[PDB]
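FYI, it's all coordinate maths here, none of it is from the lab. All Cβ positions, even for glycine, are placed from backbone atoms using ideal geometry, and neighbour counts span all protein chains on display.
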Amino acid sequence: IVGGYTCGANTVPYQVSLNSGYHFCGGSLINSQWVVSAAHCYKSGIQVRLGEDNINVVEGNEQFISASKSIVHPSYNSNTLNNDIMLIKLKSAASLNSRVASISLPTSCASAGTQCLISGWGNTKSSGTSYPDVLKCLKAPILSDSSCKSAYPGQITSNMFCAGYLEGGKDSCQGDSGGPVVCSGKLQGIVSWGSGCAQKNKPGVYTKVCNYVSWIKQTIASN
Ligand SMILES: NCCc1c[nH]c2ccccc12
Ligand SMILES: [Ca+2]
């Protein structure tokens, strides 16, 4: 997260870190046994880390739980990043508490102008590299479909939205991939892609979770 703020320990209790020997992606806990992330975060040997603030220090609220199964969206296209969503089942259920909590799926798609909270442990710089150890937050609005399409001609599908600032300076970035965009206490987006980070006229692009609720619910019901 470029241009964000330190969230504060366990203020974003649905935020997960996906760990393969190191943090590589974010995710959201949607019930005690399931995580949603980006399909571009897929790899084998995932440990889900819940209750994290500092990802390099054991602080006391963590739960570390191996993935048993990963399900990439059947229509994920790695070239276009259309359908950039995946589900991860935990080997055992998480213990839910005030610091580890699931985030609701949306009943409705959020409109342009809605203010959302984006969070992650990604890069905090738009050029060069500085990775924070503690969770970073950004408040950002959903942009109009027309702004988003103007910024990324020919690249925006009905399964994507833009959020952030056309002036630049504030965005998700490398390592934030798969993390949540939460609006009005519902998961609306997943950190998916962009042209660099925090560039002028190049806002972040997010997976539009409201299009995937039936797939998520039917997949969880049968796995
Ligand atoms: N808005 C940030 C999108 C993002 C995801 N993964 C990245 C890797 C490099 C640069 C940007 C990104
Ligand atoms: Ca920790």
Tell me, please, whether a residue that is within 15 Å of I220 (Cβ to Cβ) and surrounded by 13 or more Cβ atoms within 10 Å (Cβ to Cβ) can be found in the stretch 39-49. no
Please work out which residue is surrounded by the fewest Cβ atoms within 10 Å (Cβ to Cβ), limiting yourself to the stretch 169-187 and to residues that are closer than 17 Å to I85 by Cβ and within 15 Å of ligand 1 (Cβ to nearest atom). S177
Residue that is farthest from ligand 2 (Cβ to nearest atom) [pool: residues in the stretch 56-79 that are part of a strand (DSSP E or B) and touching a residue at least 60 places away in the same chain (Cβ under 8 Å)]: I71
Among the candidates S102, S111, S127, which residue alone is in a loop (DSSP other than H, G, I, E, B), among the hydroxyl-bearing types (S, T, Y) and without any contact (Cβ under 8 Å) to a residue 24 or more places away in the chain? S127
Of all residues being closer than 17 Å to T11 by Cβ and without any contact (Cβ under 8 Å) to a residue 60 or more places away in the chain in the stretch 46-55, which is farthest from ligand 2 (Cβ to nearest atom)? Just the residue, please. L50
What's the total number of residues in the stretch 202-221 that are within 15 Å of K149 (Cβ to Cβ) and of a type in the set (G, A, S)? 1
Hey, can you tell me all the residues within the stretch 31-55 that are more than 14 Å from ligand 1 (Cβ to nearest atom), assigned to a strand (DSSP E or B) and either among the hydroxyl-bearing types (S, T, Y) or under 12 Å from the mean Cα position of the chain (by Cα) (or both)? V35, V36
Condition first: more than 16 Å from ligand 1 (Cβ to nearest atom) and exposed (fewer than 12 other Cβ atoms within 10 Å of the Cβ). Now tell me which residues in the stretch 70-91 satisfy that. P74, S75
